[PDB]
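Q: Structure file input_35.pdb, PDB, C-alpha atoms and all ligand atoms, is pasted below:
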```pdb
ATOM      1  CA  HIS A   4     145.354 127.612 183.248
ATOM      2  CA  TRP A   5     143.593 128.116 179.894
ATOM      3  CA  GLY A   6     142.618 125.266 177.583
ATOM      4  CA  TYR A   7     139.694 123.946 175.551
ATOM      5  CA  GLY A   8     137.575 122.258 178.269
ATOM      6  CA  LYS A   9     134.231 123.273 179.778
ATOM      7  CA  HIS A  10     135.921 124.995 182.729
ATOM      8  CA  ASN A  11     138.965 126.573 181.003
ATOM      9  CA  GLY A  12     137.843 126.924 177.359
ATOM     10  CA  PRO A  13     137.233 129.866 174.987
ATOM     11  CA  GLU A  14     134.220 131.214 176.947
ATOM     12  CA  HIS A  15     136.467 131.674 180.028
ATOM     13  CA  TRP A  16     139.514 133.250 178.369
ATOM     14  CA  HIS A  17     138.280 136.858 178.715
ATOM     15  CA  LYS A  18     138.730 136.801 182.509
ATOM     16  CA  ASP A  19     142.532 136.515 182.255
ATOM     17  CA  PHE A  20     142.790 138.003 178.750
ATOM     18  CA  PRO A  21     140.190 140.820 178.461
ATOM     19  CA  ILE A  22     141.231 141.492 174.834
ATOM     20  CA  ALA A  23     139.216 138.292 174.085
ATOM     21  CA  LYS A  24     136.230 140.669 173.682
ATOM     22  CA  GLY A  25     138.236 143.143 171.563
ATOM     23  CA  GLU A  26     137.698 144.809 168.202
ATOM     24  CA  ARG A  27     139.910 142.583 166.018
ATOM     25  CA  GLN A  28     139.667 139.052 167.372
ATOM     26  CA  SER A  29     140.207 135.843 165.397
ATOM     27  CA  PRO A  30     139.048 133.534 164.002
ATOM     28  CA  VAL A  31     136.022 134.811 162.069
ATOM     29  CA  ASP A  32     133.425 133.430 159.715
ATOM     30  CA  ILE A  33     134.303 134.318 156.134
ATOM     31  CA  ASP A  34     131.097 135.353 154.353
ATOM     32  CA  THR A  35     132.173 134.637 150.764
ATOM     33  CA  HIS A  36     129.418 136.772 149.235
ATOM     34  CA  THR A  37     130.302 139.866 151.346
ATOM     35  CA  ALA A  38     134.099 139.573 150.882
ATOM     36  CA  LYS A  39     135.183 141.994 148.165
ATOM     37  CA  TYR A  40     137.865 141.543 145.516
ATOM     38  CA  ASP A  41     140.665 144.020 146.210
ATOM     39  CA  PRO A  42     142.734 145.106 143.163
ATOM     40  CA  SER A  43     145.190 146.945 145.511
ATOM     41  CA  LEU A  44     146.504 143.560 146.776
ATOM     42  CA  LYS A  45     149.932 142.741 145.280
ATOM     43  CA  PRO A  46     150.872 139.195 144.187
ATOM     44  CA  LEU A  47     151.368 136.837 147.176
ATOM     45  CA  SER A  48     154.843 135.323 147.467
ATOM     46  CA  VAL A  49     155.475 132.168 149.520
ATOM     47  CA  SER A  50     159.200 131.382 149.306
ATOM     48  CA  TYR A  51     159.960 128.273 151.351
ATOM     49  CA  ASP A  52     162.857 126.867 149.221
ATOM     50  CA  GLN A  53     165.417 127.409 152.021
ATOM     51  CA  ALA A  54     163.143 126.598 155.013
ATOM     52  CA  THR A  55     165.096 124.834 157.747
ATOM     53  CA  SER A  56     162.973 122.892 160.220
ATOM     54  CA  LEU A  57     164.499 122.009 163.594
ATOM     55  CA  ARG A  58     162.110 120.319 165.960
ATOM     56  CA  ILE A  59     158.543 119.268 166.688
ATOM     57  CA  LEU A  60     157.024 119.994 170.132
ATOM     58  CA  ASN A  61     153.816 118.996 171.936
ATOM     59  CA  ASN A  62     153.078 122.172 173.938
ATOM     60  CA  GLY A  63     149.867 120.916 175.602
ATOM     61  CA  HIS A  64     147.554 122.842 173.215
ATOM     62  CA  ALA A  65     148.775 121.636 169.801
ATOM     63  CA  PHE A  66     152.093 120.557 168.284
ATOM     64  CA  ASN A  67     154.535 123.036 166.698
ATOM     65  CA  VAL A  68     157.009 122.344 163.908
ATOM     66  CA  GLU A  69     159.726 124.918 164.582
ATOM     67  CA  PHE A  70     162.050 126.578 162.092
ATOM     68  CA  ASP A  71     165.462 128.187 162.295
ATOM     69  CA  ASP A  72     164.521 131.838 161.718
ATOM     70  CA  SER A  73     168.038 133.239 162.395
ATOM     71  CA  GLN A  74     168.649 133.928 158.669
ATOM     72  CA  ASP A  75     166.414 135.342 155.922
ATOM     73  CA  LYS A  76     165.184 132.088 154.320
ATOM     74  CA  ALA A  77     161.511 130.953 154.414
ATOM     75  CA  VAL A  78     159.615 134.186 153.751
ATOM     76  CA  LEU A  79     156.096 135.376 153.055
ATOM     77  CA  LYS A  80     155.687 138.664 151.155
ATOM     78  CA  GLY A  81     153.228 140.502 148.925
ATOM     79  CA  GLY A  82     149.451 140.301 149.050
ATOM     80  CA  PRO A  83     148.295 142.592 151.855
ATOM     81  CA  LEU A  84     151.760 142.651 153.465
ATOM     82  CA  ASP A  85     154.256 145.484 153.590
ATOM     83  CA  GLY A  86     157.813 144.147 153.744
ATOM     84  CA  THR A  87     158.995 140.654 154.575
ATOM     85  CA  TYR A  88     157.695 138.116 157.076
ATOM     86  CA  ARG A  89     159.805 135.168 158.220
ATOM     87  CA  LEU A  90     158.473 131.674 158.984
ATOM     88  CA  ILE A  91     158.973 130.637 162.616
ATOM     89  CA  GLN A  92     156.570 127.707 163.153
ATOM     90  CA  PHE A  93     153.504 125.872 161.974
ATOM     91  CA  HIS A  94     150.803 124.018 163.849
ATOM     92  CA  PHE A  95     147.252 122.762 163.412
ATOM     93  CA  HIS A  96     143.843 122.943 165.065
ATOM     94  CA  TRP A  97     141.522 119.953 164.667
ATOM     95  CA  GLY A  98     138.349 118.283 165.831
ATOM     96  CA  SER A  99     137.150 115.141 167.546
ATOM     97  CA  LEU A 100     135.047 114.431 164.412
ATOM     98  CA  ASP A 101     135.576 115.163 160.702
ATOM     99  CA  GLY A 102     132.717 117.703 160.827
ATOM    100  CA  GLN A 103     134.560 120.235 163.003
ATOM    101  CA  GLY A 104     138.067 121.397 163.811
ATOM    102  CA  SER A 105     138.812 124.541 161.824
ATOM    103  CA  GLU A 106     138.982 127.950 163.491
ATOM    104  CA  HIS A 107     137.964 130.013 160.498
ATOM    105  CA  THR A 108     134.721 129.003 158.822
ATOM    106  CA  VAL A 109     133.551 129.660 155.258
ATOM    107  CA  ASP A 110     129.846 130.552 155.008
ATOM    108  CA  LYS A 111     129.602 128.815 158.414
ATOM    109  CA  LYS A 112     131.243 125.608 157.065
ATOM    110  CA  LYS A 113     133.670 124.000 159.509
ATOM    111  CA  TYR A 114     136.565 122.028 158.038
ATOM    112  CA  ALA A 115     138.164 118.992 159.737
ATOM    113  CA  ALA A 116     141.300 120.969 160.642
ATOM    114  CA  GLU A 117     143.255 124.134 159.934
ATOM    115  CA  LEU A 118     146.990 124.620 159.384
ATOM    116  CA  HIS A 119     148.610 127.853 160.610
ATOM    117  CA  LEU A 120     151.995 128.883 159.207
ATOM    118  CA  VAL A 121     153.215 131.669 161.484
ATOM    119  CA  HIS A 122     155.511 134.454 160.248
ATOM    120  CA  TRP A 123     156.942 137.593 161.886
ATOM    121  CA  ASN A 124     157.622 140.983 160.352
ATOM    122  CA  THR A 125     161.386 141.346 160.028
ATOM    123  CA  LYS A 126     161.206 145.118 160.667
ATOM    124  CA  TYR A 127     160.731 144.265 164.384
ATOM    125  CA  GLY A 128     163.884 142.136 164.684
ATOM    126  CA  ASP A 129     162.383 139.066 166.370
ATOM    127  CA  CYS A 130     159.043 137.355 166.858
ATOM    128  CA  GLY A 131     158.652 138.372 170.528
ATOM    129  CA  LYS A 132     158.913 142.054 169.645
ATOM    130  CA  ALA A 133     156.810 141.609 166.494
ATOM    131  CA  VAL A 134     153.801 140.171 168.363
ATOM    132  CA  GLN A 135     153.497 143.478 170.295
ATOM    133  CA  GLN A 136     152.828 145.398 167.024
ATOM    134  CA  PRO A 137     149.553 145.676 165.045
ATOM    135  CA  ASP A 138     151.348 144.504 161.856
ATOM    136  CA  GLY A 139     153.763 142.169 163.634
ATOM    137  CA  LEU A 140     152.642 138.731 162.442
ATOM    138  CA  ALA A 141     151.205 137.152 159.334
ATOM    139  CA  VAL A 142     149.533 133.767 159.606
ATOM    140  CA  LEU A 143     148.844 131.745 156.489
ATOM    141  CA  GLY A 144     145.768 129.596 157.190
ATOM    142  CA  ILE A 145     145.014 126.470 155.172
ATOM    143  CA  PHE A 146     141.916 124.314 155.590
ATOM    144  CA  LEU A 147     142.086 120.516 155.770
ATOM    145  CA  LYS A 148     139.327 118.226 154.518
ATOM    146  CA  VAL A 149     139.232 114.435 154.827
ATOM    147  CA  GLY A 150     139.679 112.556 151.541
ATOM    148  CA  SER A 151     142.888 111.586 149.726
ATOM    149  CA  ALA A 152     146.086 111.429 151.804
ATOM    150  CA  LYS A 153     148.521 114.361 151.744
ATOM    151  CA  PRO A 154     151.912 112.746 151.016
ATOM    152  CA  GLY A 155     153.779 115.815 152.342
ATOM    153  CA  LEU A 156     152.029 115.501 155.727
ATOM    154  CA  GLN A 157     153.031 111.883 156.402
ATOM    155  CA  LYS A 158     156.454 112.689 157.948
ATOM    156  CA  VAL A 159     154.625 114.854 160.511
ATOM    157  CA  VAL A 160     152.037 112.112 161.155
ATOM    158  CA  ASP A 161     154.714 109.446 161.710
ATOM    159  CA  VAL A 162     156.637 111.443 164.353
ATOM    160  CA  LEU A 163     153.520 112.095 166.506
ATOM    161  CA  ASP A 164     153.871 108.776 168.386
ATOM    162  CA  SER A 165     157.166 110.155 169.809
ATOM    163  CA  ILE A 166     155.562 113.396 171.134
ATOM    164  CA  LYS A 167     152.310 111.985 172.533
ATOM    165  CA  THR A 168     152.256 114.042 175.724
ATOM    166  CA  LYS A 169     152.723 117.669 176.771
ATOM    167  CA  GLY A 170     156.364 118.783 176.885
ATOM    168  CA  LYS A 171     157.739 116.046 174.601
ATOM    169  CA  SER A 172     159.787 117.081 171.558
ATOM    170  CA  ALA A 173     161.677 115.348 168.736
ATOM    171  CA  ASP A 174     164.291 116.283 166.151
ATOM    172  CA  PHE A 175     162.483 117.274 162.980
ATOM    173  CA  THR A 176     165.026 118.453 160.456
ATOM    174  CA  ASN A 177     164.723 118.665 156.671
ATOM    175  CA  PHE A 178     160.935 118.946 156.595
ATOM    176  CA  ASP A 179     159.709 120.849 153.539
ATOM    177  CA  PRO A 180     156.547 122.881 154.295
ATOM    178  CA  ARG A 181     155.915 123.327 150.527
ATOM    179  CA  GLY A 182     154.395 119.835 150.671
ATOM    180  CA  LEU A 183     151.479 121.216 152.764
ATOM    181  CA  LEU A 184     150.297 123.875 150.272
ATOM    182  CA  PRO A 185     147.331 123.541 147.872
ATOM    183  CA  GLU A 186     147.690 124.318 144.144
ATOM    184  CA  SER A 187     146.022 127.734 144.271
ATOM    185  CA  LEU A 188     147.134 130.711 146.363
ATOM    186  CA  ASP A 189     143.710 132.436 146.097
ATOM    187  CA  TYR A 190     142.996 133.882 149.549
ATOM    188  CA  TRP A 191     140.943 136.042 151.856
ATOM    189  CA  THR A 192     142.613 138.518 154.206
ATOM    190  CA  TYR A 193     141.630 140.584 157.241
ATOM    191  CA  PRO A 194     143.256 142.104 160.370
ATOM    192  CA  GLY A 195     142.931 139.886 163.438
ATOM    193  CA  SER A 196     144.575 138.297 166.433
ATOM    194  CA  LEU A 197     146.214 135.233 167.842
ATOM    195  CA  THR A 198     143.500 132.578 168.292
ATOM    196  CA  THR A 199     144.972 131.410 171.619
ATOM    197  CA  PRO A 200     145.808 133.390 174.761
ATOM    198  CA  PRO A 201     147.280 135.977 174.942
ATOM    199  CA  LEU A 202     144.966 136.780 171.946
ATOM    200  CA  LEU A 203     147.149 139.704 170.873
ATOM    201  CA  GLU A 204     145.751 141.838 168.039
ATOM    202  CA  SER A 205     148.897 141.664 165.956
ATOM    203  CA  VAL A 206     148.067 139.335 163.046
ATOM    204  CA  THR A 207     147.372 139.857 159.369
ATOM    205  CA  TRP A 208     145.380 136.743 158.434
ATOM    206  CA  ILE A 209     145.760 135.232 154.965
ATOM    207  CA  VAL A 210     143.349 132.305 154.597
ATOM    208  CA  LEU A 211     143.639 130.197 151.444
ATOM    209  CA  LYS A 212     140.406 129.345 149.642
ATOM    210  CA  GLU A 213     141.513 125.904 148.431
ATOM    211  CA  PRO A 214     141.677 123.260 151.174
ATOM    212  CA  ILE A 215     144.220 120.469 151.216
ATOM    213  CA  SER A 216     143.007 116.885 151.423
ATOM    214  CA  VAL A 217     144.331 114.593 154.152
ATOM    215  CA  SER A 218     143.267 111.009 154.792
ATOM    216  CA  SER A 219     141.023 109.826 157.599
ATOM    217  CA  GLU A 220     144.019 107.823 158.849
ATOM    218  CA  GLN A 221     146.220 110.950 158.986
ATOM    219  CA  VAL A 222     143.751 113.010 161.040
ATOM    220  CA  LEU A 223     142.989 110.003 163.300
ATOM    221  CA  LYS A 224     146.679 110.088 164.298
ATOM    222  CA  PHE A 225     146.385 113.802 165.266
ATOM    223  CA  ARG A 226     143.540 112.736 167.591
ATOM    224  CA  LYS A 227     145.786 110.226 169.437
ATOM    225  CA  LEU A 228     147.889 113.081 170.863
ATOM    226  CA  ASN A 229     147.379 114.081 174.503
ATOM    227  CA  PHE A 230     146.789 117.483 176.151
ATOM    228  CA  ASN A 231     148.187 115.945 179.374
ATOM    229  CA  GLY A 232     151.768 115.181 180.352
ATOM    230  CA  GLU A 233     153.313 111.732 180.786
ATOM    231  CA  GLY A 234     151.975 109.859 183.834
ATOM    232  CA  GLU A 235     148.781 111.967 184.010
ATOM    233  CA  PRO A 236     145.214 110.856 183.133
ATOM    234  CA  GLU A 237     144.667 110.741 179.365
ATOM    235  CA  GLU A 238     142.909 113.741 177.817
ATOM    236  CA  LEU A 239     142.891 113.356 174.037
ATOM    237  CA  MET A 240     144.127 116.409 172.148
ATOM    238  CA  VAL A 241     140.976 117.111 170.136
ATOM    239  CA  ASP A 242     138.783 120.170 169.535
ATOM    240  CA  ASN A 243     141.654 122.595 170.115
ATOM    241  CA  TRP A 244     139.901 125.323 168.087
ATOM    242  CA  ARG A 245     138.453 128.686 169.089
ATOM    243  CA  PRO A 246     135.028 129.401 167.546
ATOM    244  CA  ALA A 247     134.372 132.331 165.206
ATOM    245  CA  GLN A 248     134.403 135.772 166.855
ATOM    246  CA  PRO A 249     132.480 138.962 165.998
ATOM    247  CA  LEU A 250     133.696 140.661 162.823
ATOM    248  CA  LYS A 251     132.937 144.130 164.273
ATOM    249  CA  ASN A 252     134.360 147.001 162.154
ATOM    250  CA  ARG A 253     136.284 144.843 159.666
ATOM    251  CA  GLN A 254     136.184 143.991 155.986
ATOM    252  CA  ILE A 255     137.432 140.728 154.559
ATOM    253  CA  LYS A 256     139.170 141.197 151.204
ATOM    254  CA  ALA A 257     139.464 138.589 148.437
ATOM    255  CA  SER A 258     142.528 138.197 146.197
ATOM    256  CA  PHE A 259     140.438 136.775 143.351
ATOM    257  CA  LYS A 260     137.438 137.652 141.184
TER     258      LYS A 260
HETATM  259  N1  LIG B   1     146.740 130.216 166.444
HETATM  260  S1  LIG B   1     147.595 131.323 165.905
HETATM  261  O1  LIG B   1     146.771 132.587 165.962
HETATM  262  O2  LIG B   1     148.153 131.000 164.545
HETATM  263  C1  LIG B   1     148.987 131.541 166.960
HETATM  264  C2  LIG B   1     150.246 131.803 166.418
HETATM  265  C3  LIG B   1     151.365 131.971 167.221
HETATM  266  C4  LIG B   1     151.270 131.880 168.613
HETATM  267  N2  LIG B   1     152.324 132.001 169.480
HETATM  268  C5  LIG B   1     153.648 131.807 169.139
HETATM  269  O3  LIG B   1     154.081 131.598 168.005
HETATM  270  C6  LIG B   1     154.660 131.852 170.310
HETATM  271  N3  LIG B   1     156.000 131.680 169.756
HETATM  272  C7  LIG B   1     156.887 132.627 169.446
HETATM  273  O4  LIG B   1     156.721 133.841 169.558
HETATM  274  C8  LIG B   1     158.000 132.085 168.973
HETATM  275  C9  LIG B   1     157.831 130.766 168.981
HETATM  276  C10 LIG B   1     156.611 130.535 169.462
HETATM  277  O5  LIG B   1     156.116 129.418 169.607
HETATM  278  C11 LIG B   1     149.997 131.613 169.156
HETATM  279  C12 LIG B   1     148.867 131.447 168.342
HETATM  280 ZN    ZN B   2     146.740 128.481 165.266
END
```
Please re-express this file's structure in structure tokens.
A:
Amino acid sequence: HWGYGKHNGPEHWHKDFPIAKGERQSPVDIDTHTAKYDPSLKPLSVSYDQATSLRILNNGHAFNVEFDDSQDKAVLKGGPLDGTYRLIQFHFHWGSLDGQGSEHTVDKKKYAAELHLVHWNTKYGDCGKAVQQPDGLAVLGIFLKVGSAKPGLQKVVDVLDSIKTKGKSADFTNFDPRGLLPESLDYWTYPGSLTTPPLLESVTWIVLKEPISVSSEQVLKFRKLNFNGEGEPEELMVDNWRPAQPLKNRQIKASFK
């Protein structure tokens, strides 16, 4: 099955998922000089006050912090979005070294990691239906750089020892995702796709300009996770990022001057 290795990695995905070579694939390089300020963008609204986390899962590709999305609570609205998008999960992509790990790049700069907060358009009723629509999902992308520790990340870091291997999960209630946001909500936006198979072209990407800082010790604990299951040979969960894909007929818009 698909993964991030030499024999099952991003360069192989097109054989089982031909949309890998499509017209709106993600991630992309964000050319900051070409991106144009868009005055038609409305104010972005991230309303996570009532977010209700449930569980954390190692799925063999990353780990997901899952939310109860059965009521209208943690919502993303405004910016490029029409209507309301509900938070369902977040996860990260990261590197084996501090010099790589992000999926999006900024003037070809790779960050140490990238946080994806995944939301579905409530007009489609649930996330499984939403992902089949061109405006079905909105992913808020946040870059991570190595420096000062992120206090709001530490509860995630400390539970990772309990979900080391593929298929392990743990209770993860009362986690506040507001502790993972930077100060500024300045962003770039473009139409794209899931960055993992099935690579569906159903995502509005909103990538924040300001990275968050995490400590070397925090990211080192991400790198102790395993792609493999319990009782299988250890394959460290590192470099679980897809490289930048062709921009093709797309414009990246900036929320800021
Ligand atoms: N990397 S990314 O583009 O943000 C990316 C984002 C999302 C998914 N897939 C899912 O969320 C699958 N899923 C559901 O539909 C409901 C729960 C769940 O885990 C895959 C990739
Ligand atoms: Zn992702």
Q: Taking 4 positions as the minimum chain separation for residues in the same chain, which residues sit within 7 Å of stretch 198-205 of chain A when counting all atoms listed in the file? Answer as an MDAnalysis selection string.
A: chainID A and resid 20 22:23 27:30 134:140 245
Q: So which residues get picked by the PyMOL selection byres (((chain A and resi 250) around 10) and not hetatm) here, written as a list in words?
A: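 The output of the PyMOL selection byres (((chain A and resi 250) around 10) and not hetatm) on this file is residues 26, 27, 28, 29, 30, 31, 32, 33, 193, 194, 195, 247, 248, 249, 251, 252, 253, 254 and 255 of chain A.
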Q: Per residue of chain A within 7 Å of ligand LIG 1 (chain B), note the shortest atom pair and the distance in Å to one decimal, counting all atoms listed in the file, and order the rows by chain and increasing residue number, as CSV.
A:
```
residue,atom,partner,partner_atom,distance
A:91,CA,B:LIG1,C9,6.5
A:92,CA,B:LIG1,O5,6.7
A:119,CA,B:LIG1,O2,5.1
A:120,CA,B:LIG1,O2,6.9
A:121,CA,B:LIG1,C2,5.8
A:130,CA,B:LIG1,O4,5.0
A:131,CA,B:LIG1,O4,5.0
A:142,CA,B:LIG1,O2,5.8
A:196,CA,B:LIG1,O1,6.1
A:197,CA,B:LIG1,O1,3.3
A:198,CA,B:LIG1,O1,4.0
A:199,CA,B:LIG1,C12,5.1
```
Q: Around stretch 120-139 of chain A, with edges along x, y and z and 8 Å added on all six sides, what centre and edge lengths do you get, in Å to one decimal, as AutoDock Vina command-line options?
A:
```
--center_x 156.7 --center_y 137.3 --center_z 164.9 --size_x 30.3 --size_y 32.8 --size_z 27.3
```
Q: So, with all atoms listed in the file as the atoms that count, which of A:226, A:64, A:126, A:181 lies closest to ligand ZN 2 (chain B)?
A: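 When distances to ligand ZN 2 (chain B) are compared using all atoms listed in the file, the smallest one comes from A:64.
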Q: Suppose you want the space between atom CA of residue A:118 and atom CA of residue A:146; what is it in Å?
A: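 Atom CA of residue A:146 lies 6.3 Å from atom CA of residue A:118.
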Q: Using all atoms listed in the file, which of A:215, A:240, A:141, A:133 sits nearest residue A:97?
A: A:240
Q: Taking the file above as input, evaluate the PyMOL selection byres (((chain A and resi 58) around 6) and not hetatm) and report the hits as a count of residues only.
A: 7
Q: Select, from A:168, A:53, A:243, A:216, the residue with the minimum atom-to-atom distance to ligand ZN 2 (chain B), counting all atoms listed in the file.
A: A:243
Q: Nearest to ligand ZN 2 (chain B) among A:117, A:41, A:110, A:19, with distances taken over only C-alpha atoms and all ligand atoms: which residue is it?
A: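 Ranking A:117, A:41, A:110, A:19 by distance to ligand ZN 2 (chain B), first place goes to A:117.
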Q: Applying the PyMOL selection byres (((chain A and resi 72) around 9) and not hetatm) to the file I just gave you, which residues come out? Please list them as an mmCIF file with C-alpha atoms, in the frame of the given file.
A:
```cif
data_model
loop_
_atom_site.group_PDB
_atom_site.id
_atom_site.type_symbol
_atom_site.label_atom_id
_atom_site.label_comp_id
_atom_site.auth_asym_id
_atom_site.auth_seq_id
_atom_site.Cartn_x
_atom_site.Cartn_y
_atom_site.Cartn_z
ATOM 1 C CA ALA A 54 163.143 126.598 155.013
ATOM 2 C CA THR A 55 165.096 124.834 157.747
ATOM 3 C CA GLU A 69 159.726 124.918 164.582
ATOM 4 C CA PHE A 70 162.050 126.578 162.092
ATOM 5 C CA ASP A 71 165.462 128.187 162.295
ATOM 6 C CA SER A 73 168.038 133.239 162.395
ATOM 7 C CA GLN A 74 168.649 133.928 158.669
ATOM 8 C CA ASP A 75 166.414 135.342 155.922
ATOM 9 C CA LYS A 76 165.184 132.088 154.320
ATOM 10 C CA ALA A 77 161.511 130.953 154.414
ATOM 11 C CA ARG A 89 159.805 135.168 158.220
ATOM 12 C CA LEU A 90 158.473 131.674 158.984
ATOM 13 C CA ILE A 91 158.973 130.637 162.616
ATOM 14 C CA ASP A 129 162.383 139.066 166.370
#
```
Q: Name the closest residue to ligand ZN 2 (chain B) among the candidates A:185, A:210, A:244, A:162; distances are taken between atoms, counting only C-alpha atoms and all ligand atoms.
A: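 The closest residue to ligand ZN 2 (chain B) is A:244.
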Q: May I ask which of the residues A:221, A:62, A:258, A:99 is the closest one to residue A:160, counting all atoms listed in the file?
A: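 Of A:221, A:62, A:258, A:99, the one nearest residue A:160, counting all atoms listed in the file, is A:221.
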Q: Could you work out how far atom CA of residue A:227 lies from atom CA of residue A:14, giving the answer in Å with one decimal?
A: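 Computed distance, atom CA of residue A:14 to atom CA of residue A:227, equals 25.1 Å.
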Q: Which polymer residues, protein or nucleic acid, are no farther than 9 Å from (136.7, 140.6, 149.6), counting all atoms listed in the file, as a VMD selection string?
A: chain A and resid 35 to 41 191 to 192 254 to 260
Q: What is the atom CA of residue A:178-atom CA of residue A:107 distance in Å, reported with one decimal?
A: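 Those two atoms sit 25.8 Å apart.
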Q: Can you find the residues with an atom no farther than 6 Å from (156.1, 118.3, 151.8), counting all atoms listed in the file, and report them as a compact mmCIF listing (two decimals) with C-alpha atoms, keeping the file's coordinate frame?
A:
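Saved result, out.txt, follows:
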```
# COMPACT_ATOMS: atom_id res chain seq x y z
CA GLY A 155 153.78 115.82 152.34
CA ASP A 179 159.71 120.85 153.54
CA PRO A 180 156.55 122.88 154.29
CA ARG A 181 155.92 123.33 150.53
CA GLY A 182 154.40 119.84 150.67
CA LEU A 183 151.48 121.22 152.76
```
Q: Is it possible to add N, CA and C atoms to stretch 237-253 of chain A and hand it back as a compact mmCIF listing (two decimals), keeping the file's coordinate frame?
A:
```txt
# COMPACT_ATOMS: atom_id res chain seq x y z
N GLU A 237 144.70 110.42 180.79
CA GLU A 237 144.67 110.74 179.36
C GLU A 237 143.52 111.68 179.02
N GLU A 238 143.86 112.81 178.41
CA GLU A 238 142.91 113.74 177.82
C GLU A 238 143.32 113.91 176.36
N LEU A 239 142.55 113.32 175.45
CA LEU A 239 142.89 113.36 174.04
C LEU A 239 142.92 114.79 173.53
N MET A 240 143.96 115.10 172.76
CA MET A 240 144.13 116.41 172.15
C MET A 240 143.21 116.47 170.93
N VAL A 241 141.99 116.92 171.17
CA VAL A 241 140.98 117.11 170.14
C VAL A 241 140.19 118.38 170.45
N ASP A 242 139.59 118.96 169.41
CA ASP A 242 138.78 120.17 169.54
C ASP A 242 139.56 121.33 170.16
N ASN A 243 140.78 121.51 169.67
CA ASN A 243 141.65 122.60 170.12
C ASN A 243 141.50 123.81 169.19
N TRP A 244 140.25 124.19 168.95
CA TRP A 244 139.90 125.32 168.09
C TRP A 244 139.04 126.32 168.85
N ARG A 245 139.30 127.60 168.61
CA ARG A 245 138.45 128.69 169.09
C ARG A 245 137.34 128.91 168.06
N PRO A 246 136.08 129.09 168.52
CA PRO A 246 135.03 129.40 167.55
C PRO A 246 135.14 130.81 166.96
N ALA A 247 134.39 131.04 165.88
CA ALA A 247 134.37 132.33 165.21
C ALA A 247 133.94 133.45 166.15
N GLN A 248 134.61 134.59 166.02
CA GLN A 248 134.40 135.77 166.86
C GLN A 248 133.74 136.88 166.04
N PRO A 249 133.16 137.89 166.73
CA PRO A 249 132.48 138.96 166.00
C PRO A 249 133.40 139.72 165.05
N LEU A 250 132.92 139.94 163.82
CA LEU A 250 133.70 140.66 162.82
C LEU A 250 133.89 142.13 163.19
N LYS A 251 132.90 142.72 163.86
CA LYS A 251 132.94 144.13 164.27
C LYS A 251 133.24 145.04 163.07
N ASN A 252 134.13 146.03 163.21
CA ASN A 252 134.36 147.00 162.15
C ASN A 252 135.51 146.52 161.27
N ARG A 253 135.28 145.40 160.57
CA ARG A 253 136.28 144.84 159.67
C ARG A 253 135.69 144.39 158.35
```
